[PDB]
Structure formats: structure tokens, C-alpha cells
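Asks: Turn this into a structure:
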Amino acid sequence: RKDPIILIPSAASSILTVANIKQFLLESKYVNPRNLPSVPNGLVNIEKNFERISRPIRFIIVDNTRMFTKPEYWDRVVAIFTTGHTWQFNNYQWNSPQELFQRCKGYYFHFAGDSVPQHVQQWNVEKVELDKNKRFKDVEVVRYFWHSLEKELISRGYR
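Replies: Numbering: from 1, shown residues only. See the structure here:
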């Protein structure tokens, strides 16, 4: 069966972008986007081996929907990373957070000590907290993220 899709934000300011996503999800290190080039094509592929899943899963990670040529591709979106700007969702199949996050699992990544915006608290999104100063804490954060996503994959039939 087909590769699952993760949608992430395009704004180069966003905590996580196509520039630092692989380092974060695979190497277990947050890297500030300013210290990296921009990635114009807004696409990266990654592969992940899960404890409870037999075969490695190949993820398509995109910060845009210009390649969503068929509406059926929206069935393959297993996660959405959000910064809390609804405009991110403007060109999505489901453009309101209420509808979108009933359809796809949402994640809100931010730093501890930074207030989560009013509207984000109301959203059906899982909040994930990074440490401002202790980069070693990323290891636990990333393990937790993959544990969470694994349950989502299993629920969607990826075993």
C-alpha cells in the first residue's frame, strides 16, 4: 500500500520546516531554521522503523498541496504539523481546523515557556513541548512523537 503523507508549515519562520524536519524526526535534534538553507521544493522523504510495525514506513513530508492532484491523496495524510496559523490550511481539502483535525491527526510544536495561543488550545491538536535551552531533551520528545504517530498508523491499517 501507498506511502503516508505528513503536512507541515511552509512559512520559513515556523518551528519546524522542510529544512529541519529530518534532523528533528530522525537525528533527534532541533535545529533553528535560520542556521539552514531554505528548501524551495518543500518536499523531503524519510523512512522510519517502528517497534510494533514490521516493515519500514516511508513518509512523504510536504509543506504544500500543489502535488495533491487527486482528492484521494488526502486519505493518506496521517499527520499535520501546525504553528497555529489557519492560513496554513487555506488550500487544504478541509480548510477549517474543526473539520481538518477530525480528519487528520494534528500536532502543535512549541517551546516551553511560550504561551500557546487561545485559538490553538481550542483546536483538536496534540501539543508537543520543546525545551528552549536543553537540546538533549529532544531525544525524549522525538521518541514520544514516534510512539504517538505509531498508534495513529496502526489505527489506519498500516500493519
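Asks: Surely residue 28 touches residue 139?
Replies: Yes - judged on C-beta atoms under 8 Å, residue 28 makes contact with residue 139 at a distance of 4.7 Å. Using the backbone N, CA and C atoms, a C-beta is placed for each residue, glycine as well.
Asks: now the end-to-end length of stretch 59-78.
Replies: 9 Å (C-alpha to C-alpha, to the nearest Å).
Asks: Relative to residue 54, how far out is residue 109?
Replies: 29 Å (C-beta to C-beta, to the nearest Å).
Asks: So which of those two has more stuff around it?
Replies: Legend: neighbour count by other C-beta atoms under 10 Å for residue 109 and residue 54, higher for residue 109 (22 against 7).
Asks: to the chain's geometric centre, what's the distance from stretch 146-159?
Replies: With C-alpha atoms, centre = their mean, to the nearest Å as the basis, stretch 146-159 stands 14 Å off its chain's centre.
Asks: Identify the residues contacting it?
Replies: Stretch 146-159 is contacted from outside by 1, 4, 25, 48, 50-54, 57, 78-79, 105, 126, using C-beta atoms under 8 Å, 6 or more residues apart in numbering.
Asks: Which ChimeraX command selects the buried ones in those residues?
Replies: In ChimeraX, a selection of the buried entries from those looks like this (16 or more other C-beta atoms under 10 Å):
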select :4,25,50,57,78,79,105,126
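Asks: so of the contacts of stretch 146-159, which ones are in strands?
Replies: Using DSSP state E, the members of the contacts of stretch 146-159 that fall in strands are 48, 57, 78, 79, 105, 126.
Asks: residues contacting the most centrally placed residue in the chain?
Replies: With distances taken as C-alpha atoms, centre = their mean, residue 81 lies nearest the centre of the chain, 3.4 Å away. Contacts for residue 81 were tallied using C-beta under 8 Å, 6+ apart; they are 6, 7, 8, 9, 16, 106, 107, 108, 109.
Asks: and what of residue 38?
Replies: Residues near residue 38 by C-beta under 8 Å, 6+ apart: 12, 19.
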